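Q: I'd like to ask you about the structure that follows.
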Amino acid sequence: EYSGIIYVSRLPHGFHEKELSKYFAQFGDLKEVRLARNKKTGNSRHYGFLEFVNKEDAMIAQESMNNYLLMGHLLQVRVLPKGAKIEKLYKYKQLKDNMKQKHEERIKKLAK
Amino acid sequence: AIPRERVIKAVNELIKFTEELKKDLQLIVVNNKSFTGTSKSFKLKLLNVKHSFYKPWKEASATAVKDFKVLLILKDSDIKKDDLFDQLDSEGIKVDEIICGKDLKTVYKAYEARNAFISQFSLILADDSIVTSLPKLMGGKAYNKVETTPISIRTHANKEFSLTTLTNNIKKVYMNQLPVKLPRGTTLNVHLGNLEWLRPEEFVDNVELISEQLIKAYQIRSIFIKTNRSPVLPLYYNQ
Amino acid sequence: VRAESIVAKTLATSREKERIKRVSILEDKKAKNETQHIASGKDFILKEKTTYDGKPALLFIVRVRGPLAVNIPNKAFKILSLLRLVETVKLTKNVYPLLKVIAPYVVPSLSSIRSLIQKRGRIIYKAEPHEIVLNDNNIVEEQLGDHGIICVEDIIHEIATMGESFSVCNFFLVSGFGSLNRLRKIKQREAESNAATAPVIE
Amino acid sequence: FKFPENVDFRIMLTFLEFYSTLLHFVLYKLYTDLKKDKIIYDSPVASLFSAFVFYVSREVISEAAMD
Amino acid sequence: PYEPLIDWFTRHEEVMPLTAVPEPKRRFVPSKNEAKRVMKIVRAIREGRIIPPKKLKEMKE
Amino acid sequence: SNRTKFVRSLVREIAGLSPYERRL
Amino acid sequence: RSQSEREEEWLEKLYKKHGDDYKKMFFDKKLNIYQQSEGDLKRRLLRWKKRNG
Amino acid sequence: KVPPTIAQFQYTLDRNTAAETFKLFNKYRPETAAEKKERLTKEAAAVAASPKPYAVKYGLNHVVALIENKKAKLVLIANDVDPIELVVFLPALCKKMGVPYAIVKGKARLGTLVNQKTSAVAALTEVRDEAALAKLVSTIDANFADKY
RNA sequence: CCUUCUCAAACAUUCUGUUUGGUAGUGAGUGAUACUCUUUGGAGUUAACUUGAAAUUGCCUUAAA
């Protein structure tokens, strides 16, 4: 048997934690929901994680959304074994002298 | 002016030091104070060059692995109007394909198709009116290169489309200009071209013309002539 | 409900929010008159393209009820609540920056104005929420006669003219189902169908 | 009066259609025998008021046209 | 009674098409039937027994 | 004909075995 | 038997665009709407020339 | 409880993917009789160089002719054909030829998108939009063939 | 489950040339050393190549019933 942690991938553009929380709450309230986002840029990587309050609800949601197609993107949902907690996901004159010295060093080096 | 002897020595040093790009691709690098810190616009600057560097590319691209093609993005009205042949063939240049804004989002919307289609062209020309809408169509990868990045061209006369306007603008871009990007960083580099471009006698003049604009148009900190990952040759120094 | 609806709502809201943000930034920069980082320093209005003259011209306001996929933002919500246009001032320099924001959500002569005023006929009156009809001219005299309005015709004239009742009155004042009604709605959809720097669309 | 009016209208609609059809022919017979759109002897009535050009205030020339 | 059946033949995809009679030219050329119909309509217009739709719009008055 | 043989094999796999054939 | 007016115009267009170059005429994508063979094209052109010039 | 070759129907594409397939197919609706007639009359009047038209293939004999040539990319099959023998073998033929197939409930619904009262099958050969067709084919495969 | 910021001014008289501003991006992956700075607290840039829009956890209700 699998735990309540749920993993999703291939999220369409514009999909964020807001929808992952609102829509999946219809099946049942979920303990947590987080989205994978780059640290340099706040845009999402089209995948994330979320955990339901109960394992049965998690697997029911996975079965009911196993291979749904959304505006050209097929969203896969995977049930994970015990553990695998949803963690770490977050909503992300001296200069002139030095330049002269570096220029001299470059002049010396280019002969290499 | 800056000593042309330095450029003459630099070109010979590049010849001695000389991946065909890493072999013969000549480029000039400039250091400055990382302008546009608070903005990330992809606006480009068409440097004035009195040498038709695109002509050797058309002549030399025949045997190249990636053929050279001319791209001309135009607004809906312009496409609906022998236009490319009657005014450009006499000069030895011609626009190979014309793509409309609607076309990009319907037939080239797919990223897999877009990356393979836009990558086939190097002279990316786009109308001034539609220049602002380009980044929302071809995404980021198109702007990753000074080649594939669209170049704004003025095709409008008295706000109306004019064949002569387009002809002279494209002629000037092809034979009288050289685009260069302005990234948000200290490093500014112009991809001058492969060594076969504008045999070293004219390479010195091209480098001098580029350096004139670099020094006058910006508070450049240092200028070097470089080859891909090769040691930087000091071209000019200023404070 | 399927996730497609909420996904589309979020995408449309984000797009329109970015569009409104660019418009607000452009207006703020224009207010400073620093025409050195903006596409157009002047203002335009589209009927064809027409220059936005500084004259506070007054024109009727219509509701378009959309784009539906775009959930109304907080700023647009407040603007519509103040103008009570949520249900399906003048063109001054201080009103244009707020009218442009609600531009996608919204869009005469004496013949049209007179008929509209004499047909709609909203009159706030005391239950408290009564707004039934322009019952009698004496009602206007009692509630608004102190301002020099002896009848609703005075309000109409002052709205058409550059009077004071134009401002004062703000505190006083295919659509079917079935198979037969679907074709007309589908046809009207063609007429039913936005850049930040573009002129306002009338 | 020119004021808003505060039943099965289908009967009213049919009656209106019939009366309009009749009035079309009536008006055709009577007639047999444009910026204003944007603004809008035989008896004592005809004998009297003749040439008496009236001026009507806000309540022949009309002051409403001044708007 | 209704025992499962094994896809002993469909389990291997057909590598090559079975048919023959290589593609006719008409598949790479505009249909000749369309040209015949267009010429018939042209003949009818010449005989004056067909009114073009543009003229029908005027006659709709 | 190859096409006829292919069709016959397809029909054979679809129809299975006849009740008298099943005795084998 | 002769050639139709539209057929005559089509033949004249190809003759002007390619002259007697039958091989080049065959590959004309926007004038040879119907992919006629070289033999048919040359026979039709010869008939047109004999009838007209 | 019926032979395995039967009851392959009654398992069909889900509502969402079926609606997506119908929306995709509606784009390539063949020119109806009135539209074709008026277009031909307009062309004749203009006469008095052309792109290949795109439309869905629905004729059972024509579709079967396209099938086994490997030209057909996606085929829709009605599950309520009274002569069931006309469609019992079609899924097996498509599987042997490697052509994805989808069973859609209602021959009338299948025919409503091709200007016909009823249509047993519908298949697509050419496309305008190839990425959308590929995505739809992948979704149909993953939701129908890998499940049933 | 809709769909994408389609020119503002000046001079120009060439069947219209030049300047300013206007280009705010799906992600992931590979990549052989150059310009810098806070110099430890890691941050801004610089050729080239792959891609199914690919992917495991970086501390306003008549688009209505």
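Identifiers for the structure tokens are assigned positionally: chains receive A, B, ... in sequence, residues are indexed from 1 per chain, and ligands are indexed from 1 in the order shown.
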Show me, as number ranges by chain, the residues that have an atom within 6 Å of range 3-12 of chain I when counting only C-alpha atoms (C1' of nucleotides), minus same-chain residues fewer than 6 positions from it.
A: B: 129-130; C: 40, 195-196
Q: Within 9 Å of residue 68 in chain H, counting only C-alpha atoms (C1' of nucleotides), which residues qualify if same-chain residues fewer than 3 places away don't, as a list in words?
A: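 Once the adjacent positions are removed, what remains is residues 14, 16, 17, 18 and 19 of chain E; 64, 65, 71, 72, 93, 94, 96, 97 and 99 of chain H.
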Q: Report as a PDB file with N, CA, C and O atoms, in the first residue's frame the set of chain C residues whose atoms approach chain I to within 9 Å, with distances computed over only C-alpha atoms (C1' of nucleotides).
A:
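Result saved to part-v6.pdb:
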```pdb
ATOM      1  N   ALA C   3     -10.721  20.728 -13.134  1.00  0.00           N
ATOM      2  CA  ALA C   3      -9.610  21.653 -12.934  1.00  0.00           C
ATOM      3  C   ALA C   3      -9.417  22.602 -14.109  1.00  0.00           C
ATOM      4  O   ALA C   3      -8.742  23.626 -13.955  1.00  0.00           O
ATOM      5  N   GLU C   4      -9.975  22.281 -15.278  1.00  0.00           N
ATOM      6  CA  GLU C   4      -9.767  23.127 -16.449  1.00  0.00           C
ATOM      7  C   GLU C   4     -10.299  24.535 -16.213  1.00  0.00           C
ATOM      8  O   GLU C   4      -9.663  25.521 -16.605  1.00  0.00           O
ATOM      9  N   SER C   5     -11.468  24.650 -15.581  1.00  0.00           N
ATOM     10  CA  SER C   5     -12.058  25.964 -15.348  1.00  0.00           C
ATOM     11  C   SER C   5     -11.149  26.829 -14.483  1.00  0.00           C
ATOM     12  O   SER C   5     -10.870  27.986 -14.819  1.00  0.00           O
ATOM     13  N   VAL C   7      -7.954  26.431 -13.900  1.00  0.00           N
ATOM     14  CA  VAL C   7      -6.687  26.675 -14.588  1.00  0.00           C
ATOM     15  C   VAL C   7      -6.834  27.837 -15.563  1.00  0.00           C
ATOM     16  O   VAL C   7      -5.993  28.746 -15.612  1.00  0.00           O
ATOM     17  N   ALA C   8      -7.906  27.823 -16.358  1.00  0.00           N
ATOM     18  CA  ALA C   8      -8.142  28.910 -17.301  1.00  0.00           C
ATOM     19  C   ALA C   8      -8.358  30.226 -16.570  1.00  0.00           C
ATOM     20  O   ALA C   8      -7.863  31.274 -17.003  1.00  0.00           O
ATOM     21  N   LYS C   9      -9.100  30.194 -15.461  1.00  0.00           N
ATOM     22  CA  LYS C   9      -9.316  31.407 -14.683  1.00  0.00           C
ATOM     23  C   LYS C   9      -7.992  31.982 -14.198  1.00  0.00           C
ATOM     24  O   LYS C   9      -7.746  33.186 -14.314  1.00  0.00           O
ATOM     25  N   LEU C  11      -4.927  31.487 -15.421  1.00  0.00           N
ATOM     26  CA  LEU C  11      -4.111  31.973 -16.531  1.00  0.00           C
ATOM     27  C   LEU C  11      -4.618  33.321 -17.032  1.00  0.00           C
ATOM     28  O   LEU C  11      -3.834  34.256 -17.246  1.00  0.00           O
ATOM     29  N   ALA C  12      -5.934  33.440 -17.222  1.00  0.00           N
ATOM     30  CA  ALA C  12      -6.500  34.694 -17.704  1.00  0.00           C
ATOM     31  C   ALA C  12      -6.288  35.814 -16.695  1.00  0.00           C
ATOM     32  O   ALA C  12      -5.973  36.951 -17.074  1.00  0.00           O
ATOM     33  N   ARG C  15      -2.643  36.942 -16.932  1.00  0.00           N
ATOM     34  CA  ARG C  15      -2.384  37.709 -18.147  1.00  0.00           C
ATOM     35  C   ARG C  15      -2.963  39.116 -18.042  1.00  0.00           C
ATOM     36  O   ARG C  15      -2.281  40.110 -18.328  1.00  0.00           O
ATOM     37  N   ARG C  19      -1.212  42.823 -17.898  1.00  0.00           N
ATOM     38  CA  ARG C  19      -1.610  43.881 -18.820  1.00  0.00           C
ATOM     39  C   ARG C  19      -1.972  45.159 -18.071  1.00  0.00           C
ATOM     40  O   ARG C  19      -1.583  46.259 -18.479  1.00  0.00           O
ATOM     41  N   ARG C  22       1.253  46.837 -16.619  1.00  0.00           N
ATOM     42  CA  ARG C  22       2.001  47.624 -17.595  1.00  0.00           C
ATOM     43  C   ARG C  22       1.308  48.953 -17.869  1.00  0.00           C
ATOM     44  O   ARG C  22       1.968  49.989 -17.999  1.00  0.00           O
ATOM     45  N   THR C  35       9.598  61.031 -20.957  1.00  0.00           N
ATOM     46  CA  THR C  35       9.402  60.268 -22.190  1.00  0.00           C
ATOM     47  C   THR C  35      10.763  59.832 -22.737  1.00  0.00           C
ATOM     48  O   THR C  35      11.214  60.247 -23.806  1.00  0.00           O
ATOM     49  N   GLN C  36      11.424  58.966 -21.965  1.00  0.00           N
ATOM     50  CA  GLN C  36      12.719  58.423 -22.349  1.00  0.00           C
ATOM     51  C   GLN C  36      12.818  56.915 -22.161  1.00  0.00           C
ATOM     52  O   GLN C  36      13.860  56.337 -22.487  1.00  0.00           O
ATOM     53  N   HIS C  37      11.777  56.265 -21.629  1.00  0.00           N
ATOM     54  CA  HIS C  37      11.772  54.812 -21.506  1.00  0.00           C
ATOM     55  C   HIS C  37      10.398  54.219 -21.809  1.00  0.00           C
ATOM     56  O   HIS C  37      10.127  53.076 -21.418  1.00  0.00           O
ATOM     57  N   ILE C  38       9.529  54.958 -22.497  1.00  0.00           N
ATOM     58  CA  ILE C  38       8.176  54.509 -22.796  1.00  0.00           C
ATOM     59  C   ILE C  38       7.945  54.605 -24.297  1.00  0.00           C
ATOM     60  O   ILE C  38       8.499  55.472 -24.979  1.00  0.00           O
ATOM     61  N   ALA C  39       7.114  53.696 -24.811  1.00  0.00           N
ATOM     62  CA  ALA C  39       6.875  53.637 -26.250  1.00  0.00           C
ATOM     63  C   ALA C  39       6.186  54.900 -26.754  1.00  0.00           C
ATOM     64  O   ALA C  39       6.547  55.433 -27.811  1.00  0.00           O
ATOM     65  N   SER C  40       5.189  55.392 -26.019  1.00  0.00           N
ATOM     66  CA  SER C  40       4.412  56.553 -26.441  1.00  0.00           C
ATOM     67  C   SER C  40       4.190  57.462 -25.243  1.00  0.00           C
ATOM     68  O   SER C  40       3.575  57.050 -24.256  1.00  0.00           O
ATOM     69  N   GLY C  41       4.688  58.698 -25.334  1.00  0.00           N
ATOM     70  CA  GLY C  41       4.492  59.650 -24.256  1.00  0.00           C
ATOM     71  C   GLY C  41       3.128  60.303 -24.259  1.00  0.00           C
ATOM     72  O   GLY C  41       2.642  60.726 -23.206  1.00  0.00           O
ATOM     73  N   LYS C  42       2.493  60.399 -25.425  1.00  0.00           N
ATOM     74  CA  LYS C  42       1.187  61.022 -25.545  1.00  0.00           C
ATOM     75  C   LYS C  42       0.084  59.988 -25.314  1.00  0.00           C
ATOM     76  O   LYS C  42       0.340  58.825 -24.994  1.00  0.00           O
ATOM     77  N   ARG C  63     -21.341  48.399 -20.618  1.00  0.00           N
ATOM     78  CA  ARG C  63     -20.695  47.244 -20.009  1.00  0.00           C
ATOM     79  C   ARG C  63     -20.619  46.110 -21.023  1.00  0.00           C
ATOM     80  O   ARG C  63     -21.615  45.792 -21.682  1.00  0.00           O
ATOM     81  N   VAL C  64     -19.437  45.504 -21.143  1.00  0.00           N
ATOM     82  CA  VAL C  64     -19.234  44.401 -22.074  1.00  0.00           C
ATOM     83  C   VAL C  64     -19.338  43.039 -21.394  1.00  0.00           C
ATOM     84  O   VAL C  64     -19.534  42.028 -22.088  1.00  0.00           O
ATOM     85  N   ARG C  65     -19.226  42.979 -20.067  1.00  0.00           N
ATOM     86  CA  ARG C  65     -19.334  41.727 -19.320  1.00  0.00           C
ATOM     87  C   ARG C  65     -18.284  40.717 -19.790  1.00  0.00           C
ATOM     88  O   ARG C  65     -18.596  39.651 -20.324  1.00  0.00           O
ATOM     89  N   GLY C  66     -17.020  41.080 -19.582  1.00  0.00           N
ATOM     90  CA  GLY C  66     -15.921  40.200 -19.897  1.00  0.00           C
ATOM     91  C   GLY C  66     -14.608  40.939 -20.061  1.00  0.00           C
ATOM     92  O   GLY C  66     -14.530  42.157 -19.868  1.00  0.00           O
ATOM     93  N   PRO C  67     -13.536  40.215 -20.430  1.00  0.00           N
ATOM     94  CA  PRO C  67     -13.492  38.766 -20.681  1.00  0.00           C
ATOM     95  C   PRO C  67     -13.907  37.929 -19.473  1.00  0.00           C
ATOM     96  O   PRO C  67     -13.451  38.178 -18.358  1.00  0.00           O
ATOM     97  N   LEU C  68     -14.775  36.942 -19.709  1.00  0.00           N
ATOM     98  CA  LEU C  68     -15.326  36.161 -18.606  1.00  0.00           C
ATOM     99  C   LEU C  68     -14.241  35.367 -17.889  1.00  0.00           C
ATOM    100  O   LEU C  68     -14.251  35.266 -16.656  1.00  0.00           O
ATOM    101  N   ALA C  69     -13.297  34.797 -18.640  1.00  0.00           N
ATOM    102  CA  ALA C  69     -12.250  33.991 -18.025  1.00  0.00           C
ATOM    103  C   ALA C  69     -11.373  34.804 -17.084  1.00  0.00           C
ATOM    104  O   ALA C  69     -10.692  34.222 -16.233  1.00  0.00           O
ATOM    105  N   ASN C  71     -10.987  36.724 -14.012  1.00  0.00           N
ATOM    106  CA  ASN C  71     -11.553  37.130 -12.734  1.00  0.00           C
ATOM    107  C   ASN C  71     -11.191  38.585 -12.465  1.00  0.00           C
ATOM    108  O   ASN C  71     -10.030  38.983 -12.604  1.00  0.00           O
ATOM    109  N   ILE C  72     -12.186  39.381 -12.086  1.00  0.00           N
ATOM    110  CA  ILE C  72     -11.953  40.819 -11.919  1.00  0.00           C
ATOM    111  C   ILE C  72     -10.933  41.038 -10.805  1.00  0.00           C
ATOM    112  O   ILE C  72     -11.082  40.465  -9.707  1.00  0.00           O
ATOM    113  N   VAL C  86     -20.557  47.589 -11.695  1.00  0.00           N
ATOM    114  CA  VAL C  86     -20.305  46.154 -11.592  1.00  0.00           C
ATOM    115  C   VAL C  86     -21.469  45.367 -12.182  1.00  0.00           C
ATOM    116  O   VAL C  86     -21.269  44.374 -12.894  1.00  0.00           O
ATOM    117  N   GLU C  87     -22.699  45.791 -11.899  1.00  0.00           N
ATOM    118  CA  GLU C  87     -23.863  45.099 -12.431  1.00  0.00           C
ATOM    119  C   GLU C  87     -23.865  45.158 -13.954  1.00  0.00           C
ATOM    120  O   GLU C  87     -23.612  46.206 -14.554  1.00  0.00           O
ATOM    121  N   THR C  88     -24.156  44.021 -14.577  1.00  0.00           N
ATOM    122  CA  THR C  88     -24.181  43.929 -16.031  1.00  0.00           C
ATOM    123  C   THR C  88     -25.397  44.656 -16.598  1.00  0.00           C
ATOM    124  O   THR C  88     -26.513  44.139 -16.558  1.00  0.00           O
ATOM    125  N   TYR C 105     -13.354  45.776 -19.625  1.00  0.00           N
ATOM    126  CA  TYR C 105     -14.638  45.426 -19.035  1.00  0.00           C
ATOM    127  C   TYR C 105     -15.768  46.357 -19.461  1.00  0.00           C
ATOM    128  O   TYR C 105     -16.931  46.068 -19.160  1.00  0.00           O
ATOM    129  N   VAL C 174     -32.303  38.905 -28.347  1.00  0.00           N
ATOM    130  CA  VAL C 174     -31.226  37.928 -28.254  1.00  0.00           C
ATOM    131  C   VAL C 174     -31.030  37.489 -26.806  1.00  0.00           C
ATOM    132  O   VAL C 174     -30.455  36.434 -26.541  1.00  0.00           O
ATOM    133  N   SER C 175     -31.513  38.305 -25.866  1.00  0.00           N
ATOM    134  CA  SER C 175     -31.392  38.011 -24.438  1.00  0.00           C
ATOM    135  C   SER C 175     -32.497  37.035 -24.029  1.00  0.00           C
ATOM    136  O   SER C 175     -33.439  37.362 -23.304  1.00  0.00           O
ATOM    137  N   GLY C 176     -32.360  35.804 -24.515  1.00  0.00           N
ATOM    138  CA  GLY C 176     -33.318  34.762 -24.209  1.00  0.00           C
ATOM    139  C   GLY C 176     -32.677  33.399 -24.350  1.00  0.00           C
ATOM    140  O   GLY C 176     -31.495  33.272 -24.681  1.00  0.00           O
ATOM    141  N   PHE C 177     -33.478  32.373 -24.094  1.00  0.00           N
ATOM    142  CA  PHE C 177     -33.048  30.983 -24.164  1.00  0.00           C
ATOM    143  C   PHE C 177     -33.897  30.249 -25.200  1.00  0.00           C
ATOM    144  O   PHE C 177     -34.760  30.835 -25.858  1.00  0.00           O
ATOM    145  N   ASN C 194      -5.674  44.966 -27.642  1.00  0.00           N
ATOM    146  CA  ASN C 194      -5.814  45.129 -26.200  1.00  0.00           C
ATOM    147  C   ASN C 194      -4.461  45.399 -25.548  1.00  0.00           C
ATOM    148  O   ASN C 194      -4.287  45.190 -24.347  1.00  0.00           O
ATOM    149  N   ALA C 195      -3.504  45.864 -26.345  1.00  0.00           N
ATOM    150  CA  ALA C 195      -2.177  46.159 -25.827  1.00  0.00           C
ATOM    151  C   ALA C 195      -2.231  47.320 -24.840  1.00  0.00           C
ATOM    152  O   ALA C 195      -3.070  48.219 -24.944  1.00  0.00           O
ATOM    153  N   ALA C 196      -1.316  47.288 -23.867  1.00  0.00           N
ATOM    154  CA  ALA C 196      -1.280  48.338 -22.856  1.00  0.00           C
ATOM    155  C   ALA C 196      -1.015  49.702 -23.483  1.00  0.00           C
ATOM    156  O   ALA C 196      -1.651  50.696 -23.116  1.00  0.00           O
ATOM    157  N   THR C 197      -0.080  49.768 -24.430  1.00  0.00           N
ATOM    158  CA  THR C 197       0.250  51.024 -25.090  1.00  0.00           C
ATOM    159  C   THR C 197      -0.752  51.411 -26.169  1.00  0.00           C
ATOM    160  O   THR C 197      -0.702  52.544 -26.658  1.00  0.00           O
ATOM    161  N   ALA C 198      -1.655  50.510 -26.550  1.00  0.00           N
ATOM    162  CA  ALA C 198      -2.607  50.805 -27.603  1.00  0.00           C
ATOM    163  C   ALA C 198      -3.645  51.816 -27.121  1.00  0.00           C
ATOM    164  O   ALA C 198      -3.859  51.977 -25.917  1.00  0.00           O
TER     165      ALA C 198
END
```
Q: Can you list every residue in range 26-238 of chain B that DSSP puts in strand (DSSP E or B), as a ChimeraX atom specification?
A: /B:26-31,44-48,70-74,97-100,123-127,151-153,156-157,160-161,177-181,187-194,222-227,233-237
Q: Would you save the residues from that selection as a CSV table (one decimal), in the first residue's frame, using C-alpha atoms?
A:
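Below is the file that was written, result27.csv:
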```
chain,number,residue,atom,x,y,z
B,26,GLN,CA,36.7,36.4,-34.8
B,27,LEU,CA,35.0,38.5,-32.1
B,28,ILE,CA,35.6,41.6,-30.1
B,29,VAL,CA,34.8,41.8,-26.4
B,30,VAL,CA,34.2,45.0,-24.3
B,31,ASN,CA,34.0,45.6,-20.6
B,44,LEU,CA,19.7,45.6,-29.9
B,45,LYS,CA,21.9,48.2,-31.4
B,46,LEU,CA,22.7,48.0,-35.2
B,47,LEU,CA,26.4,49.1,-35.3
B,48,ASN,CA,27.2,51.0,-38.5
B,70,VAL,CA,16.8,35.0,-44.7
B,71,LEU,CA,13.8,35.5,-42.5
B,72,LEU,CA,11.4,38.5,-42.7
B,73,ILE,CA,8.6,38.8,-40.1
B,74,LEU,CA,5.8,41.1,-41.3
B,97,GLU,CA,10.7,33.2,-46.5
B,98,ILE,CA,8.1,35.5,-45.0
B,99,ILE,CA,6.3,34.6,-41.8
B,100,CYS,CA,3.3,36.3,-40.3
B,123,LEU,CA,19.1,37.2,-40.9
B,124,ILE,CA,16.0,37.6,-38.7
B,125,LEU,CA,14.2,40.8,-39.8
B,126,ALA,CA,11.0,42.1,-38.3
B,127,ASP,CA,8.8,45.2,-38.7
B,151,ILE,CA,16.2,42.8,-35.8
B,152,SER,CA,13.8,45.7,-36.1
B,153,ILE,CA,13.5,47.2,-39.5
B,156,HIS,CA,6.7,52.2,-42.9
B,157,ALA,CA,6.8,55.5,-44.7
B,160,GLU,CA,2.2,53.4,-44.6
B,161,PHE,CA,4.0,50.4,-46.0
B,177,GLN,CA,25.0,47.2,-40.5
B,178,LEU,CA,26.0,44.7,-37.8
B,179,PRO,CA,23.7,43.9,-34.9
B,180,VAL,CA,25.0,43.5,-31.3
B,181,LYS,CA,23.2,42.8,-28.0
B,187,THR,CA,30.8,41.7,-20.9
B,188,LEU,CA,29.8,43.2,-24.2
B,189,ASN,CA,30.9,41.2,-27.3
B,190,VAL,CA,30.3,41.7,-31.0
B,191,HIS,CA,30.4,38.5,-33.2
B,192,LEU,CA,32.4,40.1,-36.0
B,193,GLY,CA,32.5,36.9,-38.2
B,194,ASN,CA,34.6,34.1,-39.5
B,222,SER,CA,38.4,47.8,-21.7
B,223,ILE,CA,38.3,46.4,-25.2
B,224,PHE,CA,39.8,43.1,-26.4
B,225,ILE,CA,39.9,41.0,-29.6
B,226,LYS,CA,39.1,37.4,-28.7
B,227,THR,CA,38.4,34.0,-30.2
B,233,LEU,CA,44.2,40.3,-27.0
B,234,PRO,CA,44.2,43.8,-25.5
B,235,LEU,CA,42.9,46.2,-28.2
B,236,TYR,CA,42.4,49.4,-26.2
B,237,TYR,CA,42.8,50.7,-22.7
```
Q: Could you give me, as a PyMOL selection string, each residue of chain G that DSSP assigns to helix (DSSP H, G or I) when run on this structure's backbone?
A: chain G and resi 5-18+22-26+38-51
Q: For the contact check between chain H and chain I, emit one row per residue of chain H within 9 Å, containing the shortest atom pair and the distance in Å rounded to one decimal, counting only C-alpha atoms (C1' of nucleotides), chain then rising number order, as JSON lines.
A:
```
{"residue": "H:131", "atom": "CA", "partner": "I:52", "partner_atom": "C1'", "distance": 8.2}
{"residue": "H:134", "atom": "CA", "partner": "I:52", "partner_atom": "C1'", "distance": 8.6}
{"residue": "H:135", "atom": "CA", "partner": "I:52", "partner_atom": "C1'", "distance": 8.0}
```
Q: Those residues with C-alpha atoms, as an mmCIF file, in the first residue's frame please?
A:
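Final file, result.cif:
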```cif
data_model
loop_
_atom_site.group_PDB
_atom_site.id
_atom_site.type_symbol
_atom_site.label_atom_id
_atom_site.label_comp_id
_atom_site.auth_asym_id
_atom_site.auth_seq_id
_atom_site.Cartn_x
_atom_site.Cartn_y
_atom_site.Cartn_z
ATOM 1 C CA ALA H 131 1.447 18.468 -32.291
ATOM 2 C CA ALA H 134 0.120 13.587 -31.733
ATOM 3 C CA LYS H 135 -0.848 14.557 -28.181
#
```
Q: Choose the residue, out of H:101, H:89, H:58, H:144, that has the smallest atom-to-atom separation from residue 28 in chain H; count only C-alpha atoms.
A: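 Among the listed residues, H:58 lies closest to residue 28 in chain H.
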Q: Near residue 66 in chain D, counting only C-alpha atoms (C1' of nucleotides), which residues have an atom at most 12 Å away, once you skip same-chain residues fewer than 2 positions from it, shown as an mmCIF file with N, CA and C atoms, in the first residue's frame?
A:
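Final file, out_27.cif:
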```cif
data_model
loop_
_atom_site.group_PDB
_atom_site.id
_atom_site.type_symbol
_atom_site.label_atom_id
_atom_site.label_comp_id
_atom_site.auth_asym_id
_atom_site.auth_seq_id
_atom_site.Cartn_x
_atom_site.Cartn_y
_atom_site.Cartn_z
ATOM 1 N N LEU C 110 -28.447 64.276 -28.717
ATOM 2 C CA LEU C 110 -29.602 64.611 -27.891
ATOM 3 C C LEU C 110 -30.697 63.559 -28.021
ATOM 4 N N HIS C 157 -31.153 68.535 -19.819
ATOM 5 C CA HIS C 157 -30.481 69.663 -20.456
ATOM 6 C C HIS C 157 -29.104 69.898 -19.852
ATOM 7 N N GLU C 158 -28.995 69.817 -18.524
ATOM 8 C CA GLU C 158 -27.714 70.048 -17.870
ATOM 9 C C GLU C 158 -26.732 68.909 -18.107
ATOM 10 N N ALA C 160 -26.725 67.190 -21.089
ATOM 11 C CA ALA C 160 -26.299 67.507 -22.449
ATOM 12 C C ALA C 160 -25.378 68.720 -22.461
ATOM 13 N N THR C 161 -25.722 69.750 -21.696
ATOM 14 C CA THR C 161 -24.891 70.936 -21.575
ATOM 15 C C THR C 161 -23.814 70.718 -20.512
ATOM 16 N N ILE D 39 -31.310 65.043 -33.156
ATOM 17 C CA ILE D 39 -31.779 65.988 -32.147
ATOM 18 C C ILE D 39 -33.070 65.513 -31.495
ATOM 19 N N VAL D 56 -40.809 77.894 -27.896
ATOM 20 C CA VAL D 56 -41.054 77.012 -26.760
ATOM 21 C C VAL D 56 -39.775 76.910 -25.943
ATOM 22 N N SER D 57 -39.893 77.146 -24.640
ATOM 23 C CA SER D 57 -38.756 77.062 -23.733
ATOM 24 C C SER D 57 -38.493 75.597 -23.394
ATOM 25 N N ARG D 58 -37.655 75.358 -22.382
ATOM 26 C CA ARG D 58 -37.331 73.991 -21.992
ATOM 27 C C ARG D 58 -38.567 73.202 -21.579
ATOM 28 N N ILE D 61 -39.368 77.363 -33.059
ATOM 29 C CA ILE D 61 -38.008 77.075 -32.623
ATOM 30 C C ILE D 61 -38.063 76.503 -31.214
ATOM 31 N N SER D 62 -37.148 75.579 -30.931
ATOM 32 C CA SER D 62 -37.088 74.892 -29.649
ATOM 33 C C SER D 62 -35.762 75.186 -28.964
ATOM 34 N N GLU D 63 -35.830 75.462 -27.659
ATOM 35 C CA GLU D 63 -34.615 75.720 -26.893
ATOM 36 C C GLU D 63 -33.817 74.444 -26.661
ATOM 37 N N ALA D 64 -34.479 73.285 -26.686
ATOM 38 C CA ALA D 64 -33.770 72.026 -26.488
ATOM 39 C C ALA D 64 -32.699 71.813 -27.548
#
```
